[PDB]
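Trainee: Encoded as structure tokens, here's the structure I'll be asking about.
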Amino acid sequence: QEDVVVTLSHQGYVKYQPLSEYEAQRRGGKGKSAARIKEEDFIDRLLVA
DNA sequence: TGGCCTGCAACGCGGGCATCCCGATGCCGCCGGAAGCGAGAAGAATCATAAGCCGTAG
DNA sequence: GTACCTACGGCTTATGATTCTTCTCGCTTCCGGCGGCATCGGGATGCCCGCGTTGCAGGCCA
């Protein structure tokens, strides 16, 4: 099974990681220190299968 | 340990109100294209019909 | 001295036939596509003040 989530970035990077690790990394608030970068990358598409 | 949310205070701009100009649009009439799947034809998966050898018997 | 046939049963290997599935054509008609006009709801601008926005400092969070 290996329940994972597939996240596609805006620059075209595709990858997946298990749902447990994804929920563990999701814990906490996103720091605006990285948001000050106008050339960063963000998630474009998300799906769980 | 570094950074983020929020309270307090000061500043500014747009929401609301109306209307004049404006842009879509519903309707009417004339013209275009695609769908319509039904049917013909081809390719492929599956089913049907022979042997080869395993070892004692003739 | 020196080889040559099938019967009893199970799994494969080689080849043709059959039906399922899919590729491709059929013109036509109906649903739609498109041009034009009166209409009706909408956007922007004039104006004000009060709420939205923002600077600064404090306490809390990852």
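FYI, nothing fancy with the structure tokens labels: chains A, B, ... in order, residues from 1 per chain, ligands from 1 as they appear.
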Using only C-alpha atoms (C1' of nucleotides), find each residue in chain A having at least one atom no more than 10 Å away from chain B; report its shortest atom-to-atom pair and that distance in Å (one decimal), rows by chain then rising number, as JSON lines.
Mentor:
{"residue": "A:29", "atom": "CA", "partner": "B:4", "partner_atom": "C1'", "distance": 9.4}
{"residue": "A:30", "atom": "CA", "partner": "B:4", "partner_atom": "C1'", "distance": 9.8}
{"residue": "A:31", "atom": "CA", "partner": "B:3", "partner_atom": "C1'", "distance": 7.8}
{"residue": "A:32", "atom": "CA", "partner": "B:4", "partner_atom": "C1'", "distance": 8.2}
{"residue": "A:33", "atom": "CA", "partner": "B:3", "partner_atom": "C1'", "distance": 8.2}
Trainee: Those residues you just picked out, can you put them in a file as a compact mmCIF listing (two decimals), in the first residue's frame with N, CA and C atoms?
Mentor:
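Writing done, so here's out-v7.txt:
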# COMPACT_ATOMS: atom_id res chain seq x y z
N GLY A 29 3.85 26.19 11.88
CA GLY A 29 3.50 27.29 11.01
C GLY A 29 4.63 27.64 10.06
N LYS A 30 4.26 28.02 8.84
CA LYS A 30 5.24 28.40 7.83
C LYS A 30 5.84 29.76 8.16
N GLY A 31 7.17 29.83 8.19
CA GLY A 31 7.84 31.08 8.49
C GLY A 31 7.88 31.99 7.27
N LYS A 32 7.57 33.27 7.49
CA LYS A 32 7.58 34.26 6.42
C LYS A 32 8.99 34.65 5.99
N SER A 33 10.03 34.12 6.64
CA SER A 33 11.39 34.42 6.22
C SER A 33 11.66 33.90 4.81
Trainee: As an mmCIF file with N, CA, C and O atoms (P, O5', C5', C4', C3', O3' and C1' of nucleotides), in the first residue's frame, please: the residues near range 3-9 of chain C (cut-off 12 Å, only C-alpha atoms (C1' of nucleotides), same-chain neighbours under 3 positions excluded).
Mentor:
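Resulting contents of selection-v7.cif:
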data_model
loop_
_atom_site.group_PDB
_atom_site.id
_atom_site.type_symbol
_atom_site.label_atom_id
_atom_site.label_comp_id
_atom_site.auth_asym_id
_atom_site.auth_seq_id
_atom_site.Cartn_x
_atom_site.Cartn_y
_atom_site.Cartn_z
ATOM 1 P P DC B 53 10.590 -39.012 -28.215
ATOM 2 O "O5'" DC B 53 10.392 -39.168 -26.638
ATOM 3 C "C5'" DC B 53 10.592 -38.046 -25.789
ATOM 4 C "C4'" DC B 53 10.064 -38.324 -24.396
ATOM 5 C "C3'" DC B 53 10.504 -39.667 -23.800
ATOM 6 O "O3'" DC B 53 11.331 -39.458 -22.661
ATOM 7 C "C1'" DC B 53 8.190 -39.226 -23.415
ATOM 8 P P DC B 54 11.955 -40.719 -21.881
ATOM 9 O "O5'" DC B 54 10.922 -40.986 -20.687
ATOM 10 C "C5'" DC B 54 11.146 -40.386 -19.419
ATOM 11 C "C4'" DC B 54 9.896 -40.420 -18.555
ATOM 12 C "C3'" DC B 54 9.484 -41.783 -18.043
ATOM 13 O "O3'" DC B 54 10.300 -42.181 -16.947
ATOM 14 C "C1'" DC B 54 7.577 -40.570 -18.747
ATOM 15 P P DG B 55 11.175 -43.527 -17.044
ATOM 16 O "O5'" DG B 55 10.103 -44.712 -16.918
ATOM 17 C "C5'" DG B 55 9.651 -45.129 -15.630
ATOM 18 C "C4'" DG B 55 8.849 -46.422 -15.711
ATOM 19 C "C3'" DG B 55 9.624 -47.656 -16.177
ATOM 20 O "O3'" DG B 55 9.120 -48.804 -15.508
ATOM 21 C "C1'" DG B 55 7.823 -47.310 -17.611
ATOM 22 P P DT B 56 10.119 -49.864 -14.832
ATOM 23 O "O5'" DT B 56 9.226 -51.184 -14.683
ATOM 24 C "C5'" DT B 56 8.765 -51.869 -15.845
ATOM 25 C "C4'" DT B 56 7.262 -52.084 -15.792
ATOM 26 C "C3'" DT B 56 6.797 -53.469 -16.235
ATOM 27 O "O3'" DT B 56 5.664 -53.878 -15.476
ATOM 28 C "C1'" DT B 56 5.880 -51.839 -17.677
ATOM 29 P P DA B 57 5.140 -55.395 -15.566
ATOM 30 O "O5'" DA B 57 4.213 -55.404 -16.869
ATOM 31 C "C5'" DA B 57 4.448 -56.350 -17.912
ATOM 32 C "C4'" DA B 57 3.342 -56.281 -18.948
ATOM 33 C "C3'" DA B 57 3.582 -57.085 -20.214
ATOM 34 O "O3'" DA B 57 3.191 -58.439 -20.030
ATOM 35 C "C1'" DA B 57 2.873 -54.913 -20.792
ATOM 36 P P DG B 58 3.768 -59.582 -21.002
ATOM 37 O "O5'" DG B 58 3.054 -59.298 -22.408
ATOM 38 C "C5'" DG B 58 1.661 -59.548 -22.560
ATOM 39 C "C4'" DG B 58 1.116 -58.899 -23.822
ATOM 40 C "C3'" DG B 58 1.674 -59.441 -25.123
ATOM 41 O "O3'" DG B 58 0.959 -60.607 -25.511
ATOM 42 C "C1'" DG B 58 1.675 -57.070 -25.177
#
Trainee: Please provide as a PyMOL selection string all residues within 9 Å of range 12-26 of chain B, with the sequence filter that same-chain residues fewer than 5 positions apart are discarded (counting only C-alpha atoms (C1' of nucleotides)).
Mentor: chain C and resi 39+42-43+52-53
Trainee: Would you put the residues from that selection into a file with N, CA, C and O atoms (P, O5', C5', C4', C3', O3' and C1' of nucleotides), as a PDB file, in the first residue's frame?
Mentor:
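Result file again-v5.pdb:
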ATOM      1  P    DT C  39     -35.965  49.304 -27.374  1.00  0.00           P
ATOM      2  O5'  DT C  39     -35.286  48.396 -26.250  1.00  0.00           O
ATOM      3  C5'  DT C  39     -35.590  47.008 -26.190  1.00  0.00           C
ATOM      4  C4'  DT C  39     -34.794  46.325 -25.094  1.00  0.00           C
ATOM      5  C3'  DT C  39     -34.619  47.148 -23.817  1.00  0.00           C
ATOM      6  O3'  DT C  39     -34.768  46.309 -22.686  1.00  0.00           O
ATOM      7  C1'  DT C  39     -32.518  46.485 -24.619  1.00  0.00           C
ATOM      8  P    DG C  42     -26.564  44.426 -12.503  1.00  0.00           P
ATOM      9  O5'  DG C  42     -25.319  45.076 -13.268  1.00  0.00           O
ATOM     10  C5'  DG C  42     -24.685  44.351 -14.317  1.00  0.00           C
ATOM     11  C4'  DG C  42     -23.447  45.070 -14.835  1.00  0.00           C
ATOM     12  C3'  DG C  42     -22.603  45.780 -13.782  1.00  0.00           C
ATOM     13  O3'  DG C  42     -21.242  45.782 -14.196  1.00  0.00           O
ATOM     14  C1'  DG C  42     -23.406  47.361 -15.306  1.00  0.00           C
ATOM     15  P    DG C  43     -20.058  45.817 -13.112  1.00  0.00           P
ATOM     16  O5'  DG C  43     -19.162  47.067 -13.555  1.00  0.00           O
ATOM     17  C5'  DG C  43     -18.258  46.938 -14.649  1.00  0.00           C
ATOM     18  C4'  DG C  43     -17.588  48.265 -14.988  1.00  0.00           C
ATOM     19  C3'  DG C  43     -16.906  48.981 -13.834  1.00  0.00           C
ATOM     20  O3'  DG C  43     -15.808  49.721 -14.340  1.00  0.00           O
ATOM     21  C1'  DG C  43     -18.709  50.302 -14.616  1.00  0.00           C
ATOM     22  P    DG C  52     -13.600  47.055   7.877  1.00  0.00           P
ATOM     23  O5'  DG C  52     -12.269  47.089   6.991  1.00  0.00           O
ATOM     24  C5'  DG C  52     -12.348  47.405   5.607  1.00  0.00           C
ATOM     25  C4'  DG C  52     -11.037  47.984   5.107  1.00  0.00           C
ATOM     26  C3'  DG C  52      -9.814  47.090   5.314  1.00  0.00           C
ATOM     27  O3'  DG C  52      -9.023  47.067   4.133  1.00  0.00           O
ATOM     28  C1'  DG C  52      -9.438  49.219   6.290  1.00  0.00           C
ATOM     29  P    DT C  53      -7.746  46.097   4.031  1.00  0.00           P
ATOM     30  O5'  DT C  53      -6.512  47.061   4.349  1.00  0.00           O
ATOM     31  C5'  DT C  53      -6.318  48.240   3.577  1.00  0.00           C
ATOM     32  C4'  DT C  53      -5.156  49.055   4.115  1.00  0.00           C
ATOM     33  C3'  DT C  53      -3.911  48.239   4.480  1.00  0.00           C
ATOM     34  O3'  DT C  53      -2.783  48.724   3.764  1.00  0.00           O
ATOM     35  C1'  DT C  53      -4.489  49.750   6.228  1.00  0.00           C
TER      36       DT C  53
END
Trainee: Show me, as number ranges by chain, the residues that have an atom within 7 Å of range 12-21 of chain A when counting only C-alpha atoms (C1' of nucleotides), minus same-chain residues fewer than 5 positions from it.
Mentor: A: 2-7
Trainee: Print the selection's residues with N, CA and C atoms to a file, as an mmCIF file, in the first residue's frame.
Mentor:
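Final output, saved to selection-v7.cif:
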data_model
loop_
_atom_site.group_PDB
_atom_site.id
_atom_site.type_symbol
_atom_site.label_atom_id
_atom_site.label_comp_id
_atom_site.auth_asym_id
_atom_site.auth_seq_id
_atom_site.Cartn_x
_atom_site.Cartn_y
_atom_site.Cartn_z
ATOM 1 N N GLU A 2 1.623 1.474 1.072
ATOM 2 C CA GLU A 2 2.525 2.620 1.201
ATOM 3 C C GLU A 2 1.791 3.927 0.881
ATOM 4 N N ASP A 3 0.838 4.253 1.756
ATOM 5 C CA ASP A 3 0.057 5.478 1.609
ATOM 6 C C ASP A 3 0.968 6.696 1.525
ATOM 7 N N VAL A 4 0.988 7.349 0.362
ATOM 8 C CA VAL A 4 1.840 8.501 0.113
ATOM 9 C C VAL A 4 0.991 9.621 -0.473
ATOM 10 N N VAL A 5 1.587 10.809 -0.540
ATOM 11 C CA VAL A 5 0.976 11.975 -1.162
ATOM 12 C C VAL A 5 1.922 12.489 -2.240
ATOM 13 N N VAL A 6 1.375 12.780 -3.416
ATOM 14 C CA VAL A 6 2.156 13.254 -4.552
ATOM 15 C C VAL A 6 1.990 14.764 -4.644
ATOM 16 N N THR A 7 3.106 15.484 -4.581
ATOM 17 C CA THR A 7 3.112 16.939 -4.638
ATOM 18 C C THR A 7 3.945 17.392 -5.827
#
Trainee: Please provide as a list in words all residues within 10 Å of range 36-43 of chain B, with the sequence filter that same-chain residues fewer than 2 positions apart are discarded (counting only C-alpha atoms (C1' of nucleotides)).
Mentor: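 The filter keeps residues 34 of chain B; 21, 22, 23, 24, 25, 26, 28 and 29 of chain C.
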Trainee: Expressed in Å to a single decimal, how great is the separation between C1' of residue 51 in chain C and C1' of residue 6 in chain B?
Mentor: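 Straight-line distance from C1' of residue 51 in chain C to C1' of residue 6 in chain B works out to 18.1 Å.
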Trainee: One number please: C1' of residue 59 in chain C to CA of residue 36 in chain A, in Å, one decimal.
Mentor: 23.7 Å
Trainee: Any idea what the distance is between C1' of residue 44 in chain B and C1' of residue 13 in chain C?
Mentor: 20.0 Å
Trainee: Name the residues of chain A that fall into helix (DSSP H, G or I) according to DSSP on the backbone, using the chain letters and numbers of this document, as an MDAnalysis selection string.
Mentor: chainID A and resid 19:26 32:35
